[PDB]
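Presented below, as structure tokens, is a lone chain in the form deposited in one PDB entry.
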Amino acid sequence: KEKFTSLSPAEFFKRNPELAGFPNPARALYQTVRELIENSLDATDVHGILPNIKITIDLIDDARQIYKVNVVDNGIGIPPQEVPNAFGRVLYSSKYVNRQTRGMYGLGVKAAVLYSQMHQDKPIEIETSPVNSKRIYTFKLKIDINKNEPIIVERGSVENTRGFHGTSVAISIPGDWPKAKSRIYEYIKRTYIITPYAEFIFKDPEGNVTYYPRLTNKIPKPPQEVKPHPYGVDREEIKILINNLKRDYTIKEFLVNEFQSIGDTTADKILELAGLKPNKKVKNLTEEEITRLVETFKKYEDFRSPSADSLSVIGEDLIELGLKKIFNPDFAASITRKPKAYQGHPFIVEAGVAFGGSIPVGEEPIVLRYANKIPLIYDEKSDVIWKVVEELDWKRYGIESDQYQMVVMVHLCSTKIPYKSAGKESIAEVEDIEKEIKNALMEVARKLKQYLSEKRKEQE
């Protein structure tokens, strides 16, 4: 009766597509679109390239409701040896490195490929040309779910005359355009508003074409790989850090070199609290001494914040400008908080508030959520951002009536966003994140008070 069996990562997601954001054809179409766009953006702005991204969705089969999604970008491309695994091996990524990107699981595109395979028979099509490559490399791929490995259906190359570079991805999937339409449009519009150095073109299944022109040629400094912040690094992470050392570091040397925010004196203070010999060889840490390091990191109250430069923010100015373009308010304000850390990861919370003007009258605020520059559209009431907004008492900040015109926007960015599911539509209840979102909203809420106070004496 009990037969014990194993699954591959590919079989796991094929059996549970709702875990990756593929619960139904409408959400699947939306998910496939944003995974491709986010890959294209990670392939451009992370590498100092002004993104030029084209999105096409065609209805291929009316009766069967199969759509072909094609995204083309001018990004860094993919080395041809890596393409099969990049697109056809679940849990394969170039972004497992400690660095702020949109992608993070090494699942995304493969979830769409699995969903594609589940329901129709055309392979995914990849065309790619790395910087300086004299060839465009072409592929048609499927995934062997049992082995979790790519099946190469076609593989070829052509000479690249108009010597340009980037990647085109096309995937055919079940979809529901009429149901996904408003959200696909909103996803692209919100991305665009916060990514003014990007240019998008969107051709939809009805044949509408929408142009989103570049507004500036200045890209924010690209996020880089950074060292972990000590606060919240766990025991398994300590072991990984040790196992990856080239040099025979002592524990002291380990602390100042492998982490952010640890100078020579901070190192000493930690080693004392943790009860570790500074000169002992870190390769020799016992199971117990690792426990003592981790607990010390967790308790130490005098850690400097991580470098803000670790991350890529939207910015106070862009945030306020955005709130004025869309909402045409009587008042807006924003803050880009100083960095904090959670589980070894630097993060910044930004928050913005708008009030009055063309903002609809309602019983709750309109809440706008972003994480690593991605607009979140689904599952809003499950989000920690919504929880904090809900729990805050807006009467303590001027909100007189139970009916008001208010927009609240929160952006979380980090080397790691803790999402509730691999679908990445909502942020989990991580304690340090929840507290800082609350502190951030309070700062901007105080500014709203100062206005609603001055504005009240006018009616008085």
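In this text, rigid core is short for the largest set of C-alphas that superpose within 1.5 Å between two forms. We number the residues from 1 along the sequence you see.
Although it is not shown, the form deposited in another entry is what the next lines describe.
A.B. asks: Kindly specify the one residue in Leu29, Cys413, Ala43, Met406 whose Cα moves by 2 Å or more between the shown form and the other one, with superposition done on the rigid core.
C.D. replies: By this measure, the answer is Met406.
A.B. asks: Superposing on the rigid core, is the CA of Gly103 displaced by 2 Å or more between the shown form and the other one?
C.D. replies: Result for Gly103: yes, a 2 Å-plus shift.
A.B. asks: Determine, after fitting the two forms on their core, whether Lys395 shows a C-alpha shift of 2 Å or more between the shown form and the other one.
C.D. replies: Yes.
A.B. asks: With the core lined up, does the C-alpha of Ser307 move 2 Å or more between the shown form and the other one?
C.D. replies: After core superposition, the displacement of the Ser307 C-alpha between the shown form and the other one reaches the 2 Å mark, so yes.
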